[PDB]
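This report refers to the structure that appears directly beneath it.
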Amino acid sequence: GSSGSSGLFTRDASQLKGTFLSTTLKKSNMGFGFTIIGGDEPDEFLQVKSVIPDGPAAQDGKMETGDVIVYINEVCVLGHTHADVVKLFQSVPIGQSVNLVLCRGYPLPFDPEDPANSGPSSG
């Protein structure tokens, strides 16, 4: 039924709970057909913030939203800064490809800033 919780971060990715899967996207013009979020902090799990509709990530079927970034190309990044990980994505020029390993079973982040609000509309 219900069950407990505790722990102290991941490390070897092995302590995540989910499936593990991968894709190779070739960087076609512009940039990959998804965008990322990371916690700001230098040990928060990075996630796909969105998939671009009609983008190559969507056309490979495999990229989904909320998915947790474990590794990029062949680098362990699951606690790296979104500063470094965004630099890692930018380090790939157009027409090259990278591997990505995500973990599956994680939801999207709840956004503590604004997850969905509005002001005094009547209704």
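Here's how to read the names in the structure tokens: chain A, B, ... by the order shown, residue numbers from 1 in each chain, ligand numbers from 1 in the order shown.
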
Any idea what's packed within 12 Å of segment 33-38 of chain A, counting only C-alpha atoms, ignoring anything in its chain fewer than 3 positions away? Could you give it as a VMD selection string? chain A and resid 24 to 30 41 to 70 77 to 90 100 102 108 to 111

Determine which residues of chain A receive a DSSP assignment of strand (DSSP E or B), computed from the backbone, and state them as JSON, numbers by chain. {"A": [19, 20, 21, 22, 23, 24, 25, 26, 34, 35, 36, 37, 47, 48, 49, 50, 51, 68, 69, 70, 71, 72, 75, 76, 97, 98, 99, 100, 101, 102, 103, 104]}

Measure the distance from atom CA of residue 116 of chain A to atom CA of residue 103 of chain A in Å and round it to one decimal. 25.7 Å

Two-atom distance - atom CA of residue 74 of chain A, atom CA of residue 99 of chain A (Å):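 Pair atom CA of residue 74 of chain A / atom CA of residue 99 of chain A returns 7.1 Å.
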
Between atom CA of residue 113 of chain A and atom CA of residue 6 of chain A, what is the spacing in Å? 24.9 Å

Contacts of residue 7 of chain A within 12 Å, only C-alpha atoms, excl. fewer than 4 positions in-chain, as a PyMOL selection string: chain A and resi 11+15-16

Select from chain A everything DSSP, run on the backbone, classes as helix (DSSP H, G or I), then give the selection as a VMD selection string. chain A and resid 56 to 59 82 to 90

Based on the selection just made, write N, CA and C atoms of those residues as a PDB file, in the first residue's frame.
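Produced file selection.pdb, reproduced below:
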ATOM      1  N   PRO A  56      12.955  16.655 -33.071  1.00  0.00           N
ATOM      2  CA  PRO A  56      13.541  15.330 -33.266  1.00  0.00           C
ATOM      3  C   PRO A  56      13.452  14.449 -32.021  1.00  0.00           C
ATOM      4  N   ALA A  57      13.422  15.052 -30.832  1.00  0.00           N
ATOM      5  CA  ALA A  57      13.266  14.329 -29.580  1.00  0.00           C
ATOM      6  C   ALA A  57      11.900  13.639 -29.539  1.00  0.00           C
ATOM      7  N   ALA A  58      10.852  14.370 -29.942  1.00  0.00           N
ATOM      8  CA  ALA A  58       9.508  13.840 -30.070  1.00  0.00           C
ATOM      9  C   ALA A  58       9.465  12.810 -31.200  1.00  0.00           C
ATOM     10  N   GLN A  59      10.133  13.060 -32.336  1.00  0.00           N
ATOM     11  CA  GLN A  59      10.120  12.151 -33.487  1.00  0.00           C
ATOM     12  C   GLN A  59      10.900  10.851 -33.228  1.00  0.00           C
ATOM     13  N   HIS A  82      22.928  22.703 -13.439  1.00  0.00           N
ATOM     14  CA  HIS A  82      22.286  23.069 -14.701  1.00  0.00           C
ATOM     15  C   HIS A  82      23.147  24.079 -15.465  1.00  0.00           C
ATOM     16  N   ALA A  83      24.028  24.824 -14.802  1.00  0.00           N
ATOM     17  CA  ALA A  83      25.050  25.601 -15.477  1.00  0.00           C
ATOM     18  C   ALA A  83      25.954  24.720 -16.351  1.00  0.00           C
ATOM     19  N   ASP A  84      26.560  23.677 -15.786  1.00  0.00           N
ATOM     20  CA  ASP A  84      27.450  22.747 -16.482  1.00  0.00           C
ATOM     21  C   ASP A  84      26.661  21.967 -17.539  1.00  0.00           C
ATOM     22  N   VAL A  85      25.522  21.377 -17.200  1.00  0.00           N
ATOM     23  CA  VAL A  85      24.699  20.593 -18.115  1.00  0.00           C
ATOM     24  C   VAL A  85      24.200  21.422 -19.296  1.00  0.00           C
ATOM     25  N   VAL A  86      23.778  22.666 -19.093  1.00  0.00           N
ATOM     26  CA  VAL A  86      23.450  23.523 -20.222  1.00  0.00           C
ATOM     27  C   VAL A  86      24.715  23.789 -21.053  1.00  0.00           C
ATOM     28  N   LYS A  87      25.893  23.946 -20.430  1.00  0.00           N
ATOM     29  CA  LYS A  87      27.129  24.117 -21.207  1.00  0.00           C
ATOM     30  C   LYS A  87      27.419  22.851 -22.010  1.00  0.00           C
ATOM     31  N   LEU A  88      27.109  21.679 -21.460  1.00  0.00           N
ATOM     32  CA  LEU A  88      27.354  20.393 -22.083  1.00  0.00           C
ATOM     33  C   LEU A  88      26.494  20.298 -23.334  1.00  0.00           C
ATOM     34  N   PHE A  89      25.216  20.677 -23.270  1.00  0.00           N
ATOM     35  CA  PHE A  89      24.347  20.680 -24.440  1.00  0.00           C
ATOM     36  C   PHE A  89      24.830  21.686 -25.489  1.00  0.00           C
ATOM     37  N   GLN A  90      25.264  22.880 -25.073  1.00  0.00           N
ATOM     38  CA  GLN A  90      25.784  23.884 -25.996  1.00  0.00           C
ATOM     39  C   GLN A  90      27.130  23.471 -26.606  1.00  0.00           C
TER      40      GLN A  90
END

Nearest to residue 75 of chain A, chosen from A:122, A:114, A:21, A:12, with only C-alpha atoms counted in the distances: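 Nearest candidate to residue 75 of chain A out of A:122, A:114, A:21, A:12: A:12.
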